[PDB]
Amino acid sequence: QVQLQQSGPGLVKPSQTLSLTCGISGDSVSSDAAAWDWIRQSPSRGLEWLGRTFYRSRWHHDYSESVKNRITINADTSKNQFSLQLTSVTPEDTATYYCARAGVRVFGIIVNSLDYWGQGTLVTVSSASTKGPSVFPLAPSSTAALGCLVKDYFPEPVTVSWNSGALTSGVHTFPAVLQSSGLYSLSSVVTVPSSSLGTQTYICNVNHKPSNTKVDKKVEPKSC
Amino acid sequence: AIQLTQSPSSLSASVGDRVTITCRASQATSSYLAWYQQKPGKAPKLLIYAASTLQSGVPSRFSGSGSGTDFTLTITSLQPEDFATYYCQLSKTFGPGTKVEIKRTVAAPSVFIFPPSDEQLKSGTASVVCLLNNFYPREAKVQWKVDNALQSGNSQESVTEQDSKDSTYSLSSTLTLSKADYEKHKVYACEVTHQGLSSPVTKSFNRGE
């Protein structure tokens with residue numbers, strides 16, 4: 001596959017500028033068979049195409065009417081990347097932003113279907129401050145369930161692993177909920193054999209990149 | 001400028017069912033219709049392009065047809081892994097999506113209750129968590145009772161997306177009280193009503209026990 005690696009901060013204050021980058025491996029950003037798109041997705045508006053850059057005899061730009069006069073998409077040939085800049089953002093621009101490659105060969109031509117996608121960047125438009133989570137154990141009861149409560153952080157997202165990624169079976173990490181404080185909270189749980197509770201260690205690894213927070217919490221039976 | 005609609009907007013179908021999803025365009029075009037499949041936490045994945053050409057590696061139970069302004073995606077024998085939202089695309093426009101859920105036999109939740117940690121109580125707040133694990137259908141009734149007094153307005157629920165292997169859901173309900181309010185009561189109970197249970201399941205603890 002062509003690999004698309006997204007980077008850039010998610011949190012943008014109202015009226016300021018969203019800036020994201022998409023690094024390309026396995027194709028050249030200048031290829032005359034490719035086009036490079038930005039797409040965003042939100043619960044309200046679904047999937048929306050934002051714009052496109054591509055090189056033929058020169059560089060071309062095509063942008064959506066929905067972001068008229070606010071969008072710039074530039075390619076960097078030396079770094080083999082392309083970028084998105086969206087100015088004067090409002091809460092309507094809160095969304096998950098994807099880069100993508102347009103172009104599939106069929107019928108001896110190229111149709112502009114999106115064969116490869118970046119991983120997505122959640123972009124939150126808000127004036128509020130970043131805050132890292134507190135992490136609390138959900139201790140197994142004295143066949144068994146245990147977990148971590150990941151409470152009071154902003155903005156989304158957090159990632160949770162178990163035993164540094166070794167433990168995946170039986171894990172459920174719930175979608176976060178926005179509390180009345182304006183801070184998010186979620187829990188991550190896992191079911192494990194009851195017989196393991198004394199001898200197998202269980203540690204949840206919580207990463208909240210916007211606050212540079214990394215927390216490991218060991219989850220063990222409550223003593224007394 | 002073209003606009004796309006999709007029908008149905010959502011559906012629930014059993015494993016092995018033939019599933020048909022339609023995409024309608026507001027006008028004819030020179031562009032070629034593509035179908036995408038999007039699973040939770042992931043980018044959309046291209047399944048079909050040029051209306052009927054299957055992307056390499058996609059199972060042959062997926063097929064696309066149609067012409068003019070009316071197009072169809074057919075799944076000949078729905079599988080658990082086919083839980084997803086399916087989107088059509090024409091020129092630069094995406095359809096609104098069709099959410100496909102797998103209908104399976106009833107599965108009762110396994111229920112667990114967690115008291116607040118001592119660490120959190122020092123901070124002045126108490127979170128009590130009730131977990132409903134691996135159940136179907138998604139609908140469930142969770143009631144918090146504190147000293148047998150029904151709670152209202154102090155809890156929040158969250159539900160996982162349908163599991164791609166066993167087609168179940170899990171759910172958390174979190175009761176939040178101040179440390180002071182938590183300390184004025186003894187019996188904390190989560191009572192679960194669900195189609196898979198012939199009578200409600202209650203899990204409880206006594207604060208300090």
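Excluded from the calculations below are hydrogen atoms, water molecules and symmetry mates; all remaining heavy atoms, backbone and side chain alike, are included. Naming: A, B, ... by sequence-line order, numbering from 1 per chain.
- Enclosure of atom OH in B:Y32 is not indicated, since only 12 or fewer non-hydrogen atoms of other residues, nucleotides or ligands lie within 6.0 angstrom.
- For A:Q200, the CD atom is densely surrounded, since the number of other residues' heavy atoms within 6.0 Å is greater than 12.
- In this model, no donor atom of one side chain and acceptor atom of the other lie less than 3.5 Å apart for A:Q179 and A:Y184.
- Residues passing the ring pair (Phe, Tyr, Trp, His ring centres under 6.0 Å) test with A:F82 are A:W36, A:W38, sequence neighbours excluded.
- Each of A:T96, A:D93, A:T121 was checked for a side chain to side chain donor-acceptor pair (under 3.5 Å) with A:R40, and the lone residue meeting it is A:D93.
- Remark: the backbone N or O of A:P175 is paired with a side-chain donor or acceptor of B:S158 at under 3.5 angstrom.
- No side-chain N or O of B:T93 forms a donor-acceptor pair with one of B:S91 less than 3.5 Å apart.
- Between A:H172 and A:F174, the ring planes are tilted. Angles from 30° to 60° get that label.
- With a 4.5 Å cut-off on side-chain heavy atoms, A:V12 and A:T17 do not count as touching.
- When every heavy atom of B:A50 is checked against every heavy atom of A:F107, the shortest pair comes out as CB-CE1, 3.9 Å.
- Checked by atom type, the side-chain pair B:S170/B:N134 shows a donor-acceptor distance below 3.5 Å.
- Among all heavy-atom pairs drawn from A:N205 and A:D216, the shortest one is ND2-OD1, 2.9 Å.
- Side-chain contact annotation: B:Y49 with B:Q89, donor-acceptor N/O pair under 3.5 Å absent.
- No hydrogens or angles considered: a donor-acceptor pair under 3.5 Å links the side chains of B:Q38 and A:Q41.
- In this pair, B:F135 and B:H194 present their aromatic rings perpendicular. The plane angle is above 60°, beyond the 30 to 60° band.
- No hydrogens or angles considered: a donor-acceptor pair under 3.5 Å links the side chains of A:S188 and A:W162.
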N/O donor to acceptor pairs below 3.5 angstrom from side-chain atoms of residues 122-139 of chain A, sequence neighbours left out:
residue : atom : partner : partner atom : Å
A:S126  : OG   : A:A128  : N            : 3.1
A:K131  : NZ   : A:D152  : O            : 2.8

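- Applying the salt bridge (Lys or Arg N to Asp or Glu O under 4.0 Å) criterion to A:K217, with sequence neighbours excluded, gives B:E119.
- Between B:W35 and B:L46, every side-chain heavy-atom pair lies at or beyond the 4.5 Å cut-off.
- The residues B:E191 and B:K145 are annotated as salt-bridged, a charged nitrogen and a carboxylate oxygen being separated by less than 4.0 angstrom.
- Put simply, the side chain of A:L84 reaches to within 4.5 Å of the side chain of A:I71, judged on heavy atoms.
- Residues B:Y136 and B:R104 have side chains that never bring a donor and an acceptor to within less than 3.5 angstrom of each other.
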> Run the side chain to side chain donor-acceptor pair (under 3.5 Å) check on A:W59 and A:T53 step by step: do they pass?
Replying inline: CA-CA 7 Å; A:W59 283 102; A:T53 192; over 6 Å; no

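- B:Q6 places a side-chain N or O within donor-acceptor distance of the main-chain N or O of B:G97, the cut-off being under 3.5 Å.
- Between the A:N80 side chain and the A:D27 main chain, a donor and an acceptor come within less than 3.5 Å of each other.
- A side-chain N or O of A:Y202 and one of A:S196 form a donor-acceptor pair less than 3.5 Å apart.
- Heavy atoms of other residues, nucleotides or ligands lying less than 6.0 angstrom from CZ of A:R45 number more than 12.
- Under a 3.5 Å cut-off, the side chain of B:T74 and the backbone N or O of B:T76 do not form any donor-acceptor pair.
- Looking at residues two or more places apart in sequence or on another chain, you find a salt bridge (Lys or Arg N to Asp or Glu O under 4.0 Å) between B:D70 and B:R24.
- In this structure, the side chain of A:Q6 engages the main chain of A:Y97 through a donor-acceptor pair within 3.5 Å.
- Applying the ring pair (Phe, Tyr, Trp, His ring centres under 6.0 Å) criterion to B:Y188, with sequence neighbours excluded, gives B:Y182, B:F205.
- A donor atom on one side chain and an acceptor atom on the other are found under 3.5 Å apart for B:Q151 and B:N154.
- Under 3.5 Å, the side chains of B:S65 and B:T72 contain a donor-acceptor pair of N or O atoms.
- A donor-acceptor pair is defined here as one N or O able to donate and one able to accept, closer than 3.5 Å; such a pair exists between the side chain of A:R70 and the backbone of A:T87.
- Between the side chain of A:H60 and the main chain of A:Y55, no donor-acceptor pair closer than 3.5 Å is present.
- Applying the salt bridge (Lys or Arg N to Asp or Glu O under 4.0 Å) test to A:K79 and every residue at least two apart in sequence or in another chain returns nothing.
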>> Is there a side chain to side chain donor-acceptor pair (under 3.5 Å) between A:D115 and B:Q55? Walk through the geometry before answering.
In response: CA-CA 9 Å; A:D115 199 7; B:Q55 171 81 315; 2.4 Å; yes

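- The backbone N or O of B:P116 sits nowhere less than 3.5 Å from a side-chain atom of B:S127 that would complete a donor-acceptor pair.
- Of the possible donor and acceptor atoms, none in the side chain of A:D37 sits under 3.5 Å from a partner among the backbone N and O of A:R52.
- Heavy-atom contacts from other residues, nucleotides or ligands closer than 6.0 Å to CZ of A:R56 number more than 12.
- Checking side-chain atoms of B:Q162 against main-chain N and O of B:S167 turns up a donor-acceptor pair under 3.5 Å.
- Using a 4.5 Å cut-off on side-chain heavy atoms (C-beta onward), B:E81 and B:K165 make no contact.
- Scanning both residues, A:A100 and A:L4, for their nearest heavy atoms gives CA-CD1, 3.6 Å.
- At a threshold of 4.5 Å between non-hydrogen side-chain atoms, the residues A:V29 and A:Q81 do not count as touching.
- The closest side-chain heavy-atom distance from B:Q143 to B:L150 is below 4.5 Å.
- Looking at heavy atoms from C-beta onward, B:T98 lies out of side-chain contact with B:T85 at the 4.5 angstrom threshold.
- Nearest heavy atoms, B:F114 versus A:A145: CE2-O, 3.4 Å.
- Between B:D17 and B:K103, no side-chain nitrogen of the basic residue sits less than 4.0 Å from a carboxylate oxygen of the acidic one, so the salt-bridge criterion is not met.
- With no hydrogens or angles considered, no side-chain donor-acceptor pair links B:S110 and B:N133 at under 3.5 Å.
- No hydrogens or angles considered: nothing links the side chains of A:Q3 and A:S25 as a donor-acceptor pair under 3.5 Å.
- In this structure, B:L78 and B:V100 have side chains that are in contact, with non-hydrogen atoms separated by less than 4.5 Å.
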